[PDB]
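[1] Got an experimental structure here, sequence first:
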Amino acid sequence: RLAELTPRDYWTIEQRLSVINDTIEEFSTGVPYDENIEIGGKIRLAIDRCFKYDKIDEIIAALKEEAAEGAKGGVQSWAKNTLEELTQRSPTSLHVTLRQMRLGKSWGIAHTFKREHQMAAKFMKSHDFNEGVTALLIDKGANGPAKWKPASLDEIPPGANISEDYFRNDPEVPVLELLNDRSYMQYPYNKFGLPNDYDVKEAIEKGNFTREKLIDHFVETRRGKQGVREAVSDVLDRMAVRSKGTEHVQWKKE
Amino acid sequence: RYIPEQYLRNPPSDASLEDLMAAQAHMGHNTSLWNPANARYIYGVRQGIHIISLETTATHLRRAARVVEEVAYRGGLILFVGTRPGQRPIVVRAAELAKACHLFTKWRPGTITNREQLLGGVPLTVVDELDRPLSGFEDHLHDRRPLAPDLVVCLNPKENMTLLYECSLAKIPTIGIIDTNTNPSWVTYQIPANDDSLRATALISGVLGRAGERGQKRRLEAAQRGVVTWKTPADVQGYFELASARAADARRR
Amino acid sequence: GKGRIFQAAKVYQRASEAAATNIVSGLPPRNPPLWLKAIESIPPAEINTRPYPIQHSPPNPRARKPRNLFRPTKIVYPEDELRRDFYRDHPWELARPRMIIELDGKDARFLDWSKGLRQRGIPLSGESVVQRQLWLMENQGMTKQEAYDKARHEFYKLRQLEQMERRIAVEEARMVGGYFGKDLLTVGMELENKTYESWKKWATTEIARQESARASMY
Amino acid sequence: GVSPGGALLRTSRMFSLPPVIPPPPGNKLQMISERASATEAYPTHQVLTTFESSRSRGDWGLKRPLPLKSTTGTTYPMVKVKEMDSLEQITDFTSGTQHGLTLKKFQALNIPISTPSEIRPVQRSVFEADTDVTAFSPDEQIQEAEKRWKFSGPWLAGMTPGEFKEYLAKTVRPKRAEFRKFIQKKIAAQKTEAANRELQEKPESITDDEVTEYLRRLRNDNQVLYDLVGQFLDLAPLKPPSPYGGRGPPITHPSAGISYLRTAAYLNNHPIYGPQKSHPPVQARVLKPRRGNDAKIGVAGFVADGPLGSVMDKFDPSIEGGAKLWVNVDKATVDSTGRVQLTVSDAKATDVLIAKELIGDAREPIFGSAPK
Amino acid sequence: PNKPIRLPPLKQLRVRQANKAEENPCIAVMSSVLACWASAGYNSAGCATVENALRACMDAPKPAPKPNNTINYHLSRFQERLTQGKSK
Amino acid sequence: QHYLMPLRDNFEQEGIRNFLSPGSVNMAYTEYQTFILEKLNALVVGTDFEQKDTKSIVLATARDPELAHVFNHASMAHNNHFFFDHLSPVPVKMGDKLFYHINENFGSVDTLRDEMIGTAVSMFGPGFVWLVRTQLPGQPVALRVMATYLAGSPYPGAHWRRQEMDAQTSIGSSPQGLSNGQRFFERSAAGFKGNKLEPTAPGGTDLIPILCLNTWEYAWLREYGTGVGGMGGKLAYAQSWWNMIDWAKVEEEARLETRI
RNA sequence: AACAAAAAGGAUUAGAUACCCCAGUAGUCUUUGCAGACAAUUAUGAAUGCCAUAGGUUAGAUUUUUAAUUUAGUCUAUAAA
Ligand SMILES: [K+]
Ligand SMILES: [K+]
Ligand SMILES: [Mg+2]
Ligand SMILES: [Mg+2]
Ligand SMILES: [Mg+2]
Ligand SMILES: [Mg+2]
Ligand SMILES: [Mg+2]
Ligand SMILES: [Mg+2]
Ligand SMILES: [Mg+2]
């Protein structure tokens, strides 16, 4: 079908994407009937309550609370499992990784790649990378678990910032030269997917929809995209309060 | 979880595989009475009949449903044609939703190519953005020639081929339910499915009816905001030019 | 050629060109049809292109010059063999009416054959035995005959109780003043009377016919 | 790797329709009629039903809706489909009440099915864990094979002279090599018997010499040989040195899936009178009177021989509706051919009088009015 | 023995004599009268009952025509389905 | 498939305070209705009754003997839930119009109280005791009490299975025995032949069951015990039940014609 | 033996060589040669590669031999052409 589509030379880039989006939805067989949203409801709320800080120490501290029996969230099992996996990875990567998640929200796509090049260039000289790779993929898991230069996050003292070192491009490595100059701050056309919180929020701030009338709005605008009713319902179960009864719906943040 | 008259009281927006399989939309005709041309939709052979692929039906149905919606969104005149003993309620209902015309009897040969004679006395009217009459076109509704459907939605192409030929002969798009023994080259947009089933025909027609309904809704919503999604037809456009000419004389004289 | 030249796949192309320029050279082309812009970005699908159909069974590897390569193949499942065996061992199981009219198509979502024959949405019939048989044969690594015996025996016990309830139901119902209508046995005999009497009339007539036809032989 | 649309069709209700089984076997050399065909011994096609609402529309879950002329009006909606779409673009169907209601009639007699007994009556149930068994093992001895009812090999006495020759040249002839191996396993165990015994106070089974000589020792005792040959071809035992050997194995299950009752050792408690002695009688028709050295009677759709005993002697046109007598079904069984043979036994006088009382047509009421 | 063939494409599937042709009854009665005259004789006595039977028919009124047998209509319906097709 | 539904006023989680503890109501309705429905589903899993309501099954599956066993489960489930939809968390004051009409047909509220209760124990069997509203073309609306053995439908369209008299002890040789015997056969003979003994108005409006009382063992055998010593027992169960009758709702279903 | 050009007779007809009829020789048949013309036709040379189906039919083969696949022929009715 994609081959049959023959657009006109004067159609804007938006039109071409619209035609394909409507064509890919013609082959939708429907999402499973039993599988529920994995990261949703409680688990989703827990992620927003334990991954909002700028220090790994604070993040793990929050997870321990959720793991501790009797937590209001009810995500104790997930919390416990998550910690087991977080205490099995290179602590340097965690600090460095989380560091760019807060800094990558303001960079441009072009600037990101240029920084990642210099960023990854210092990982080749790092000890964790050369050790983890050799001890996992190369050895095929033989010789037991890998041995990071810092054994655990506890070893790294609080007042020590190891993230900063990587985020300093050296003059030895030339700046990455991209094939073009195109760039932007946010994705030009990333709206094809299921409505996220940003979409539901925007709709509420420009309308007076109800709990049930708001879902139909998105189901109508997308004209039957599979999973819209379920996705939008989940968003209204985490950041939507019955402020004025069934008449109106507002966000919990306020 | 199933009522016989459920495809009329409340037809679904989209038809899933279960709905199509539950409505016998895959029971093709006997293996012998097949058309090798449309072997692109057949899934296999069971019980001596060709099994139409369920996915192939859903894909083409959603595509046709998008065609009906846009044509109704651009102020197009749709025609729902089902000519069989028990297809009268199905077609009339679909027309109501899409605000279209119905046809449940033998299509009189020559109603599109020879419309001047057949549809000579039937009355017309002139509407505007919000689909309301416009006083002042009395003189235009007597020299104007009859209308032709901007889109035909047939439910039994095998039976009436004289209608579909006039559509291709008059450059009009068409939608039809192609069975295992129906030539898929007669209609513009095919919907491979079982046409001999009054339960599948009600489903397919219902989905297309909702498409038109949804299309008409958007059009009227865009007309209340001063955004017309269609420009004056060429026929009525010529009348405006003549109107100014006749009016110009009054100005001078 | 008894056919006619259909051009339903080119209505847009032909119409789009006709609306490109005006017939009166030196004027702006009039507005096109209302449908021209609706299906602008929805080209028709490709038709009349014989593909290699789906092969539901391994094609003959020995054939050097195979024929009917563009012919749909038959759909055969492992159940077909089992259904044929069971229903041949229980021919009177076909007299039990079975509805093949799907309600919503979502009948295979609550079928778990690990529990037993009884399932939600489907009646107790030969099919349940076959599916149960297939399950044991695959999951429990049983033989065709072994799985057949086990599942088949469960089918019997469930049918026995069903027939026992009918007798005990009507019997117990009359112990407390319960009366019923004409049983199927009595009704069946009545219809035969009406049909047998009609045969008597026809026989009597034709018998008399031959007698009158015998007077002409002499 | 199956597609989602292809996974729904596999479990669809229509795909569950069983294949048309071969018709009830009859004598291979007869003069059966072609243009006209009567009802068969047992049903061959699946009977179908629908909702009262969907029947008024002709919707039977088939290719197309059936006509309402011959499909609506009857009490029990039953229909058989020979072809979902014939060369006339029509669903070739036909009424299925002939067999559908016959099963309901037979199930109203409340009579089980028991293995036939040669002529001390012993009605043994068919559904038992000792006789009703199909699976087996090669190690099993010959004796238990008699219990079985579903044999893989054919019945020699039943096969025609032409079928027999084809069987020999297409099933038995290309099996000598395998049969030789079968003997080796037996001879192998024979050598272990002596060893095991003497040890109290198996070999590789590869000896091509003893096998040839082993068969020369059994040429004087043909009985033990056939006993061994029957196990390698799964043939039904024929000689007494017995069960269903007169007419051969039953092509179907001994019950033929028409009744699943194991025993009739119950006493229907009558409301007023109390526990009755015998079972309630059943009215039957008279077909082909004696004056053909036997009388045929229609007992609830099935045709059986008359009781061993007027009515049966001569035909009587005066009797309206035909001669109808009450009778009690004693024993029912399925022969090798698949027919349901009933041992119809003359009924008593009081039983008929008691049974008619509820119907309200009893001339004289036993309750109360009867002084003696 | 082979089965009936599939008819070739015909212009119209129908039967010439849709309704049976009724034969004048007493034309046979006249045959008997003539027969008796041949054997017995013209001016005989055994011919009275036979001659009187011939006079009985002419006096009796002729029966009414039977209702037309609508068989050609149904044959025209299933023509294209039963045979190879129609020709013209 | 038929599925269990909630009770009127959250009796499953709390139950009536002074009549049936939550545990008793759990075993009486949730753990029994589910069992009956489970059996009912298997019976109508593939018949026309796969989507028919209980009452429709009851009336339709009544005369036919071959489906007698289906009538029991369907009727039992209906009557059982019909018995719980007339109780109330707190006793309700009898309506005036209803209070007056009752005295005109039974003489007093207590006269009818001891009749239904007395009828229960008199039965000495599991059954349902009803309160039926009789009406004929010209006769005024008149109430009466009816007893149904085991599963018995009070509606006139299910007359075949009314089961109002135990044939065991009600048919003997005494004068009453013969009389009861004749009626027993008269009904059977009439029903079988298709004749109608008592004319009934179309739509089955002659009789309208207003109130019911489940006397089955499972309902009261737990809370009130075996009844040895007269303390509690089946008798007390009927007595306590009389205090929770939702007379308001009872009046509504009565639909008494305005005559005051 | 029979059939039957020719020859001959009897009728029909305005005339009748004829068609029709009573009869009848070559010849048809057997053996050995000559002869080489036919609507010797499928009004269609032989052969190879290739193109979508349906219903029959002939001689086989395979198979869960009931009925379906399949090889080589033959004949109807069609699609693309
Ligand atoms: K001459
Ligand atoms: K052929
Ligand atoms: Mg069709
Ligand atoms: Mg001659
Ligand atoms: Mg030569
Ligand atoms: Mg020749
Ligand atoms: Mg040559
Ligand atoms: Mg030939
Ligand atoms: Mg040809």
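    Great, that's in hand. Numbering: from 1, shown residues only, chains lettered A, B, ... in the order given. Ligands and ions are numbered 1, 2, ... in the order given.
[2] What segments of the stretch 101-250 of chain A are helices?
    A:109-125, A:127-133, A:163-166, A:197-204, A:211-221, A:228-235 (DSSP state H, counting those that start in this stretch).
[3] How about residues contacting the last one?
    Residues lying outside helix A:228-235 but in contact with it, judged by C-beta atoms under 8 Å, 6 or more residues apart in numbering or on different chains, are A:31, A:37, A:40-41, A:44, A:194-197, A:200, A:214-215, A:218-219, A:222. C-beta: built from backbone N, CA, C; applies to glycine.
[4] quick one on the thing from earlier: can I get the helices of the stretch 101-250 of chain A in JSON lines with distance to residue D:332 and mean neighbour count?
    What follows is the helices of the stretch 101-250 of chain A, written out as JSON lines (distance: least, C-beta to C-beta, whole Å; neighbours: other C-beta atoms under 10 Å in any protein chain shown):
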{"stretch": "helix A:109-125", "distance to residue D:332": "84", "mean neighbour count": "14"}
{"stretch": "helix A:127-133", "distance to residue D:332": "79", "mean neighbour count": "15"}
{"stretch": "helix A:163-166", "distance to residue D:332": "89", "mean neighbour count": "15"}
{"stretch": "helix A:197-204", "distance to residue D:332": "71", "mean neighbour count": "16"}
{"stretch": "helix A:211-221", "distance to residue D:332": "62", "mean neighbour count": "16"}
{"stretch": "helix A:228-235", "distance to residue D:332": "58", "mean neighbour count": "19"}
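[5] Can you tell me which of these is nearest to RNA strand G?
    Distance to RNA strand G, taken as C-beta to the nearest atom of the strand, is lowest for helix A:228-235 among the helices of the stretch 101-250 of chain A, at 42.8 Å.
[6] What angle do helix A:211-221 and the closest one make with each other?
    140 degrees (axes from the mean of the first three to the mean of the last three C-alpha atoms, to 10 degrees).
[7] Burial check on residue F:19, number of neighbours?
    20 (other C-beta atoms under 10 Å in any protein chain shown).
[8] and it, helix, strand or coil?
    Recorded secondary structure, residue F:19: coil (DSSP: H, G, I helix; E, B strand; the rest coil).
[9] What about the one residue in chain B that gets nearest to chain E, how many residues nearby?
    Taking C-beta to the nearest C-beta, chain E has its nearest neighbour within chain B at residue B:33, 9.2 Å off. Neighbours of residue B:33 under the rule other C-beta under 10 Å: 18.
[10] Quick check: it is in a helix.
    No: counting by three-state DSSP, one finds residue B:33 to be coil, located in no helix.
[11] Not counting residues beside it along the chain, what's closest to it?
    residue B:181 (5.1 Å; C-beta to C-beta, 6 or more residues apart in numbering or on different chains).
[12] so what's the one you found up against?
    Per C-beta under 8 Å, 6+ apart, neighbours of residue B:181: B:29, B:33-35, B:158.
[13] how about residue B:103, phi and psi?
    Backbone torsions for residue B:103, taken as degrees, to the nearest 10, come to phi -160, psi 110.
[14] hmm, I was thinking of residue B:189
    Dihedral angles for residue B:189 - degrees, to the nearest 10 - are phi -120, psi 120.
[15] Now do it against residue D:43, distance only.
    Per C-beta to C-beta, to the nearest Å, residue B:189 is found 45 Å from residue D:43.
[16] For residue 33, give me its contacts.
    Just so you know, I chose chain A. The contact partners of residue A:33, taken as C-beta under 8 Å, 6+ apart, are C:106, C:109.
[17] wrong one, I was asking about chain F
    Here residue F:33 is in contact with F:4, F:77, F:80-81 (C-beta under 8 Å, 6+ apart).
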